[PDB]
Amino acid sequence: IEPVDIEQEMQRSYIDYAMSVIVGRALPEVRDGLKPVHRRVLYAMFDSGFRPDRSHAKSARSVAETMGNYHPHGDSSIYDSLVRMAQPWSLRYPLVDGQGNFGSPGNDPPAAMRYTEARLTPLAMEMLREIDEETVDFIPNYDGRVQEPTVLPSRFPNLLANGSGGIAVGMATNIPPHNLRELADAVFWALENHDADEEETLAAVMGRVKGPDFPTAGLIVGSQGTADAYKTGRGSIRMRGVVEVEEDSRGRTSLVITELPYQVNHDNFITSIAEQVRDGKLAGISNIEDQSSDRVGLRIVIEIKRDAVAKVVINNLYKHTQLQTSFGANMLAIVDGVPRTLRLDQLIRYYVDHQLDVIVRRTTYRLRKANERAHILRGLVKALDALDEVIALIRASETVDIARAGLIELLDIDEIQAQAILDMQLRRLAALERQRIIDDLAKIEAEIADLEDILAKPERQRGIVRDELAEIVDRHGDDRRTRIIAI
């Protein structure tokens, strides 16, 4: 029996836990803004074909596929993670298309795994765009049976768009969501002004990203906190819901709350008001009624007493409830396997770097495949020019290898080419099919010329990021929800 000192054990064990939680659980990768479970769920769904071009699969099949191949953890918490990615009040840009009961902004829990179906959303399809073209590094899974992606292509700035919140060890992250159209402008600037220093870049990006854009709409009061978050990586952003004062028939002024700040539970909010009333902390309130429905959305009506001023009661609600609540921004993300607090210019720049890498890698993959196909076509064209000879040669051959070796001698071709000729069908000996082979060669040599041009000019590479992202924003970009006002 071996002895071990308690100090040695505690230090090694706790550091190993802390580091894995930090890098591989709680905090998002800066390039795609995803935690491991997110990335693995989405890839699992993607690889299983659970895409928008097919009907919703039972969500159990997504959990099981994730669990069985990529994510060696419990089916329960994995389902929770999948569910969250499908909720429009949680994600600013949902990555999962949920079918069935996925809960509510209140205390209504999601339906069990058995009752719900799910598939990827079109934007999530942009997260995974051309992942099969060697655009990202893959590594073996938890048991080496299959490969999984280390990061997704992420063809829209997901980290800033959907934000992230996570509690790790020794640190935690809390990045708010942002409006896609605003992020794109920042990216477009970063691409045009690719030589700009950090001082200029931060100034430019902050002008275009006006602030967080929450899925729950609401209000942002002040500009200091937003400015701090982008320059420091830390900042306190004051949020508010919207309150509309209505006057009644009998004369009964009432406050109607139709929006709440990000991550405020509707039911807990009403309960807080109700409990702070009978206790004696919110006088002037006469009655609380939840007139909310699926058809009018949130609608909490607060009737106030006749000897009460509406604005006094609203400020009291701002003070003693989450009708006004702050978002503690802490822009923490994993950069190259290291946790980092980043400025807004760093977050954009690092993402742009990733997109350029993806497209250079995509171009290289396509150029390689183009050369291979070109090569095979060059062999076919030789066969067509000597088609009379090609045939008579194969007929008079004992084996296919003897026929093959003969083809090399005749047309001076590779073993890959001769094989491609051998595998050729009589289908393609028709006139238009012979011409199709010719024209196809010409098409590729044109595509090879294009692809080589891409790799030689950083200008075009940046151009591809811009143009492709622009297409994505024109389709999937939406209006701002959170209104920004001053003090």
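Here, rigid core means the biggest group of C-alpha atoms that superpose within 1.5 Å across both forms. Counting begins at 1, following the sequence as shown.
* If you line up the core and then measure how far each C-alpha sits from this form in 4 other deposited structures of this protein, which stretch comes out higher, 108 to 116 or 393 to 401? -> Output: 393 to 401, the stretch lying farther off on average in 4 other deposited structures of this protein.
* Output the stretch, either 343 to 351 or 244 to 252, that has more C-alpha displacement from this form in 4 other deposited structures of this protein following superposition by the rigid core. => Once the core is superposed, the stretch further away in 4 other deposited structures of this protein is 244 to 252.
* Using only the Cα atoms and their B-factors as the entry lists them, report which of 255 to 263 and 404 to 412 averages higher. => Per the PDB entry, the higher value belongs to 404 to 412.
* To do: For the higher mean C-alpha B factor in the entry, choose 60 to 68 or 440 to 448.
  => The recorded data point to 440 to 448.
* To do: Using the temperature factors in the entry, find which of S55, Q419, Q461, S48 has the highest value at its Cα atom.
  => Across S55, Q419, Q461, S48, the entry lists the biggest C-alpha B-factor for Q419.
* Out of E126, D345, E275, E117, residue topping the C-alpha B-factor column of the entry -> The C-alpha B-factor peaks, among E126, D345, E275, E117, at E275.
* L384 - Cα temperature factor, lowest/middle/highest third of chain -> For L384, the deposited C-alpha B-factor lands in the highest third.
* Based on the entry's values, in what third of the chain does the Cα temperature factor of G280 lie: lowest, middle or highest? -> Tercile = highest for this residue's CA B-factor.
* Lowest, middle or highest third: where is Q99 by Cα B-factor in its chain? -> Lowest third - that is where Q99 ends up once the chain's C-alpha B-factors are sorted.
* **CA B-factor placement of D137, once the chain's modelled residues are sorted into thirds** => Middle third of the chain for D137's C-alpha B-factor.
* Asked: Comparing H476 with the other modelled residues of its chain, is its CA B-factor in the lowest, middle or highest third?
  -> Answer is middle: the recorded C-alpha B-factor places it there.
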